[PDB]
Number of protein chains: 2
Amino acid sequence: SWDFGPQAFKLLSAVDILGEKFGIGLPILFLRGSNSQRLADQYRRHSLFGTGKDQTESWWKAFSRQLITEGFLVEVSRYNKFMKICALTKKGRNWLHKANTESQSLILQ
Amino acid sequence: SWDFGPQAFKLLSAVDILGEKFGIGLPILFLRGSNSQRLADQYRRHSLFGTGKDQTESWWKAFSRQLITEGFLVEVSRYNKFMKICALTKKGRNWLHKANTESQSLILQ
DNA sequence: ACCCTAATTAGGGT
DNA sequence: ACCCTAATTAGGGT
């Protein structure tokens with residue numbers, strides 16, 4: 001078991017910030033400080049942009065999968081037959097709401 | 001056993017055309033019809049440009065390995081400590097010289 | 001003129 | 001606003 005609270009704060013915040021209009025790849029690009037065309041410039045102004053460079057894109061993906069399993073995030077069909085987005089669940093919003101005023105743990109396996 | 005003469009003609013021709021100035025990557029980019037910056041535009045006017053499109057870069061690389069083992073191609077250290085080029089052997093050049101006027105077989109395994 | 005890897009992009013469908 | 005993959009380009013070791 002390990003407390004992933006600090007990393008969960010970054011990722012769940014990124015999902016919130018980007019408005020749950022994209023899949024999890026965009027929050028990850030955001031945290032990894034990407035210059036990708038997929039990510040709008042307005043977001044590069046946010047203080048969290050590029051603050052997740054310590055971890056690889058692959059790591060952040062693996063992490064997002066666990067957070068889905070644990071019920072903090074969910075993926076759902078949106079827009080059309082091709083697309084899905086990644087969203088905070090109510091549980092994820094509750095955790096984030098608290099995390100926004102003091103550090104929260106999020107322990108995994 | 002299979003006769004790879006038609007493919008050998010393309011690859012050994014490509015090595016010669018690029019002047020043995022590179023490793024095997026540039027000959028393959030040439031055969032696969034690449035838009036790469038690495039490949040000068042003058043070569044895109046050659047009749048063999050893009051004629052190896054029906055085999056993957058991976059295949060051509062594997063194929064080049066066999067041709068080295070069978071003594072048609074050699075890798076040669078050149079320029080500086082980082083570099084090697086892929087050249088025709090005397091055998092490879094004799095084979096290509098004949099292949100230029102009538103089809104030659106090149107039987108593998 | 002090497003090779004490898006990460007980052008990015010275009011384009012089809014999944 | 002997705003996926004996976006091919007293609008391309010930059011950096012740097014040795």
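The figures that follow rest on heavy atoms only: side chains count, while hydrogens, waters and symmetry mates do not. Letters A, B, ... mirror the listed sequences (proteins, then strands); counts begin at 1.
An OP1 or OP2 oxygen of C:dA7 is reached within less than 4.0 angstrom by no side-chain nitrogen or oxygen of A:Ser34. Between C:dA10 and A:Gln37, a contact under 4.0 Å exists linking OP1 or OP2 to a side-chain N or O. Side-chain nitrogen and oxygen atoms of B:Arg32 include none within less than 4.0 Å of the OP1 or OP2 phosphate oxygen of D:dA6. Checking the phosphate oxygens (OP1, OP2) of D:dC2, no side-chain nitrogen or oxygen of A:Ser77 falls inside 4.0 Å. For C:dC2, one of the phosphate oxygens OP1 or OP2 lies less than 4.0 angstrom from a side-chain nitrogen or oxygen of B:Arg38.
Residue A:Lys84 places its side chain closer to D:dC2 than to any other of C:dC3, D:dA1, D:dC2.
Between the B:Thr51 side chain and the B:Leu48 main chain, a donor and an acceptor come within less than 3.5 Å of each other. Without hydrogens or angle criteria, A:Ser34 side chain to A:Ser36 main chain gives a donor-acceptor distance under 3.5 Å. No donor-acceptor pair closer than 3.5 Å links the side chain of B:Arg44 to the backbone N or O of B:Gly33.
A heavy-atom distance below 4.0 Å to DNA chain D is reached by none of the residues of residues 65-75 of chain A. Contacts between residues 15-27 of chain A and DNA chain D, defined by a heavy-atom separation under 4.0 Å, are made by A:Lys21, A:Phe22, A:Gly23, A:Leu26.
Stacking is not found between A:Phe82 and the pyrimidine-like six-membered ring of the D:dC3 base under the 5.5 Å centre-distance and 30° plane-angle cut-offs.
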Check your understanding: Are B:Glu20 and B:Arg93 close enough, and set up right, to give a salt bridge (charged side-chain N to carboxylate O under 4.0 Å, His left out), and what steps lead you there?
Key -> CA-CA 12 Å; B:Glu20 300 179 336; B:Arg93 196 165 289 276; 3.1 Å; yes
Study note, to complete from the structure: Given Watson-Crick and G-U pairs under 3.5 Å, DNA chain D in dot-bracket ([ ] crossing, | other strand) is .||||||||||||.
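B:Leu18 contributes atom CG, which lies 11.0 Å from atom SG of B:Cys86 (distance to the nearest 0.5 angstrom).
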